[PDB]
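> Sharing an experimental structure here, sequence included.
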Amino acid sequence: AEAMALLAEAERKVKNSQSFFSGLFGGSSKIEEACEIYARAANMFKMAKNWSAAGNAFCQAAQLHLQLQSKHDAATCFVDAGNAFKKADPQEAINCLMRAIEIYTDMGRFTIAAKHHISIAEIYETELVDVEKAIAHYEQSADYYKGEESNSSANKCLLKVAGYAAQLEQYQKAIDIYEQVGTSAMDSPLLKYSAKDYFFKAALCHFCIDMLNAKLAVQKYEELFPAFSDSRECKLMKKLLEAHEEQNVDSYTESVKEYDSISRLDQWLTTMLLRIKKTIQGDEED
Amino acid sequence: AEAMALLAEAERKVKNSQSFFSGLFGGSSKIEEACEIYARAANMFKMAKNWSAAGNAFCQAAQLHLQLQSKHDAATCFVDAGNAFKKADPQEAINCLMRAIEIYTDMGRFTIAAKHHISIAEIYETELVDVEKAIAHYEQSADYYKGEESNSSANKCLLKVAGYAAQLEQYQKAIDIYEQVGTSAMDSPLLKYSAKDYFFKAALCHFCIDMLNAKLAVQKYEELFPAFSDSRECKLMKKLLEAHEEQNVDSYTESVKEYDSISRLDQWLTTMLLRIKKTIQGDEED
Amino acid sequence: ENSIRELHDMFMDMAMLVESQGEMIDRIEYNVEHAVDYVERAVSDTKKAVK
Amino acid sequence: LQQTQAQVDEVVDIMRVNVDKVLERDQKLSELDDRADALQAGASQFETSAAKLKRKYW
């Protein structure tokens, strides 16, 4: 219960012994008791809905637990310190997880480093928006997930790179990413149906390109075009290529006049719609 | 061959001794042997179809482990004791599920705490009808599931809150729930075809809320009104709440069946529909 | 259209059901490596408790 | 139209085969939780037991 007395009785109990207090063995029993109690204390603040004070209570517990010698669960206390300000409003969970991930990889490990590097990336994408750094976090983290054949996040965090990167700034990465996912997507008997929208994303990114480079993917890809769900990928394209190439808008726009009913359009698709018609503006708008 | 002998034989041995029976050591190996006898006893009580002394046997088996070194497998035995009297009719299990909460909540294990904190409300509503405490535990547990950001566990709690805020008739809080959860869902393809279900669930929660918030929450949630389950929400709602503004129940009751012709109604909706139909009727007299 | 509506009922059931299951998969995502984060980390000290 | 009626009603029954699946889906989604929840404590407490062990036999 004590929000303060566990602290006050442990702060007078944390001290290095070169004195009459030294004696025979260390005070590692004392700081072990203290850090277990700090863990309970950061629990009682989080139970009391104090995720800032609780999160800082995790921060002392999480930093002081390394002082005996415990890098094992000090990483867990770092994640708990991160989860508190991740749940609470502000930042500084970013530092709890950057203290976490380096120490976790310093154990001789790979996975959870990436599994919270994505957490920092989610914060720096959604919340503490630093997408030019979060996308690097997805990138290096997906490099770790690639080097462990955890193909899930290996494809996923790359998709998070490319879906925002293409629209904002990186163009050859768009098709290079959606082809790297697309080949091994065609490989597995589990994956080759997810490849349809993956090559849709490879195609409909136009990179200031007026061409049928999407049709280069058509006469590349294993569509099996009697599968009509790729006609919402490329017959869409077989209209709009020549709509954009004949600088025409009442066929290009008509494609989504009919395609909005047969497919709900999210923000990224309509932003790419607006992207290719900014290329149409640059073809038409004087 | 039953464990009623095992309980008394370990109860001879459970003494807190001050004699040569301790000597210098206690009964540590002896009391682990004893708690193993209680473990075996409490298992074969459930094996013997007892269901009433069995969960008591788990209670006591854990009870003689609580004060030793570790409440932890004793806490799991309390979880098992909560799984003991739950199938049975007695209420002893809920108390053991409290004991598990103030071990796992007390220790930092909010995850498993939230795993059975929901089952407590499942018993306070389904079995042991105390539904305002059931709802207070769905809400509290959803606060915990949002503590670790496990969202849809909390949303599955919030339907039992909010869906049972209809018959508890706090419509003002029913519409306070589906907004922040469903406007968070249009970015998710995971639930977007479901999200408009929730803004039928937001929309039809009337205490006769005749503001254009119902005409605007359908718009902030950007929603193609020619969506074909929003045809089953939006223009449905237009006929349902224009006829109320016509003060004319007959074409209302014909068109609610016209909705039944194209999407059959279920319990929570149908009950709220006859509810709001009472409001429409009691408004059309005067 | 009614027959396709019947299968459409079974399919909105299907897809939103497996959707809802995806949250139990989220609790797996907890209990798949946090389970490792306890276990492998504990055996990093029991295997080294021989030291 | 009736050719398509027969085809589509076969596909009603393909969805009924998905209904034959979905109980086998959901029960297994249940029992895998019914193991993972119970696995969590046995996974959790073993590092604590390791700490209890290794303070002595240096």
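That came through, no problem. Numbers count the residues shown, from 1 in each chain, chains lettered A, B, ... in the order given.

> ok, the residue nearest to the spatial centre of chain D - contacts?
Compute the mean C-alpha point of chain D, and by C-alpha atoms, centre = their mean the closest residue is residue D:29, 2.9 Å away. Applying C-beta atoms under 8 Å, 6 or more residues apart in numbering or on different chains to residue D:29 gives the contacts C:21, C:24. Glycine gets a C-beta too; all of them are placed from N, C-alpha and C.

> Tell me the backbone dihedrals of residue A:144, please.
As for residue A:144, its main-chain torsions (degrees, to the nearest 10) stand at phi -60, psi -40.

> show me what contacts it?
Each residue near residue A:144 by C-beta under 8 Å, 6+ apart is listed here: A:110-111, A:113-114, A:117.

> Tell me which residue of the stretch 151-286 of chain A lies closest to chain D.
Proximity of the stretch 151-286 of chain A to chain D (C-beta to the nearest C-beta) peaks at residue A:228, 15.5 Å away.

> Excluding sequence neighbours, find me the nearest residue to residue A:58.
Nearest residue to residue A:58, sequence neighbours excluded (C-beta to C-beta, 6 or more residues apart in numbering or on different chains): residue A:81, at 3.7 Å.

> so the residue in chain C positioned nearest to chain B is in which element?
Here chain C gets closest to chain B at one residue, residue C:23, 3.7 Å apart by C-beta to the nearest C-beta. Residue C:23 is part of helix C:2-31 when elements are defined by DSSP states H and E.

> From the contact counts, what lies against the next helix or strand after that helix?
The helix or strand immediately downstream of helix C:2-31 is helix C:34-46, counting by DSSP H and E. Judged by 3 or more C-beta pairs under 8 Å, 6 or more residues apart in numbering or on different chains; DSSP states H and E, helix C:34-46 is in contact with helix D:2-54.

> Quick one: work out the angle between the helix it packs on and helix C:2-31.
Helix D:2-54 runs at 10 degrees relative to helix C:2-31, counting by axes from the mean of the first three to the mean of the last three C-alpha atoms, to 10 degrees.

> Tell me if stretch A:257-265 is near chain C.
No. Taking C-beta under 8 Å from any C-beta of the partner chain as the criterion, stretch A:257-265 and chain C are apart, separated by no less than 13.4 Å.

> Next, work out how far apart residue A:150 and residue A:142 are.
In this view, residue A:150 and residue A:142 are 9 Å apart by C-beta to C-beta, to the nearest Å.

> Among these two, which residue is more densely surrounded?
Neighbours were counted for residue A:150 and for residue A:142 using other C-beta atoms under 10 Å in any protein chain shown; residue A:142 has more, 25 against 17.

> Give me the distance between the closest residue to the more buried one other than its chain neighbours and chain B.
Take residue A:142 and drop its neighbours on the chain: the residue closest to it by C-beta to C-beta, 6+ apart is residue A:157, 3.9 Å away. Per C-beta to the nearest C-beta, to the nearest Å, residue A:157 is found 17 Å from chain B.

> neighbouring contacts of the helix or strand hosting residue A:157?
Using DSSP H and E, residue A:157 sits within helix A:151-168. Contact with helix A:151-168 is made by A:114, A:118, A:121, A:125, A:131, A:135, A:138-139, A:141-142, A:145-146, A:170, A:173-174, A:177-178, A:180-181, A:184-185, A:201, A:205, A:268, A:271-272, A:275, as judged by C-beta under 8 Å, 6+ apart.

> Give me the PyMOL select line for the residues you listed, limited to the buried ones.
Here is the PyMOL command that selects the buried residues among the contacts of helix A:151-168 (16 or more other C-beta atoms under 10 Å in any protein chain shown):
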select buried, chain A and resi 114+118+121+125+131+135+138+139+141+142+145+146+170+173+174+177+178+180+181+185+201+205+272+275
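
> Tell me who's in contact with the residue of chain A found nearest chain B.
Of all residues in chain A, the one sitting closest to chain B is residue A:43 (5.1 Å; C-beta to the nearest C-beta). Residues counted as contacts of residue A:43 (C-beta under 8 Å, 6+ apart) are A:54, B:105-108.

> If anything else comes up later, I'll come back, but that's it for now.
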